[PDB]
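# Remarks on the overall topology
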Amino acid sequence: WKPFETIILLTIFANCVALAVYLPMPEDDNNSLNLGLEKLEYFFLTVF
Amino acid sequence: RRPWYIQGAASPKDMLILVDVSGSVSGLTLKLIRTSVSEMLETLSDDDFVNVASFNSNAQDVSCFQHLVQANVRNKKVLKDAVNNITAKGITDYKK
Ligand SMILES: [Ca+2]
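Structure determination for this PDB entry was carried out by cryo-EM, with a resolution of 3.0 Å recorded in the header.

So, on to the environment of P12 of chain B. Residue and element names in this part refer to chain B. Structurally, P12 is set in the loop between α1 (3–9) and β1 (14–20). Taking the C-alpha atoms as reference points, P12 and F49, 37 residues apart in sequence, are found 8.1 Å from one another. If we ignore the near neighbours within four places in the chain, the residues touching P12 are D47 and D48.

Looking now at the pairing of β1 of chain B. Residues and elements named next belong to chain B. Pairing of β1 with strand β2 (residues 49–55) involves 7 bridges; the strand directions are parallel. Each bridged residue has a counterpart across the sheet, and for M15 the counterpart in β2 is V50. For the crossover from β1 across helix α2 (residues 28–41) to β2, the handedness is right-handed.

With 9 residues of chain B at the contact, the number on the chain A side is 6 residues. In total, chain B and chain A occlude about 540 Å² of area from one another, counting both sides; carbon and sulfur atoms represent 47% of this. Ranking the residues of chain B by area buried against chain A places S24, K89 and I91 of chain B at the top, with a combined share of 59%. Its salt-bridge partner being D28 of chain A, residue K89 of chain B comes within 3.8 Å of it at the nearest N-O pair.

Here is what the cut-offs are and how they apply
Residues numbered from 1 in each chain as written, not as in the entry; some residues may be left out. Chains lettered and ligands numbered in written order. Part of a larger assembly, values for the part shown. Heavy atoms only, no water. Helix = DSSP H or I, 4+ residues; strand = E, 2+ residues; numbered from the N terminus. Contact = heavy atoms within 4.5 Å. Pairing = 2+ DSSP bridges. Right-handed = clockwise from strand over helix to strand, strands pointing away. Buried area = accessible area lost by both parts, 1.4 Å probe. Salt bridge = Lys/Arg side-chain N within 4 Å of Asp/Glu carboxyl O.

Structure follows, in structure tokens:
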């Protein structure tokens, strides 16, 4: 009943932004940002 | 690119060609890399020593040489044949 929905809205927007800045690479190649965003996926998964 | 010009323009070399075969070079850039390596080999003479190596999260030679070779017609042909066989797969690692 608290304004706890707005926090979830903001974290959903953050998850969307994280998905957007992901850069697909060919043939199992990666960069540092992609490795960083993969770890961040656990932060969203546990909160949800 | 003539042999006499190349001879008179510099001194004998110890060249080592380091080719990136990580995943991101897949496509047009790999084909251009192969052609460019062949063209660069075309500029070497019998006083020059060359070897071609590749790396994708692990560095290795492209052929059965494993060190610098005389870069005569036969060795250059072997290096060209080995270079026109590399595929792009893996993660880039410049330190290795
Ligand atoms: Ca790369």
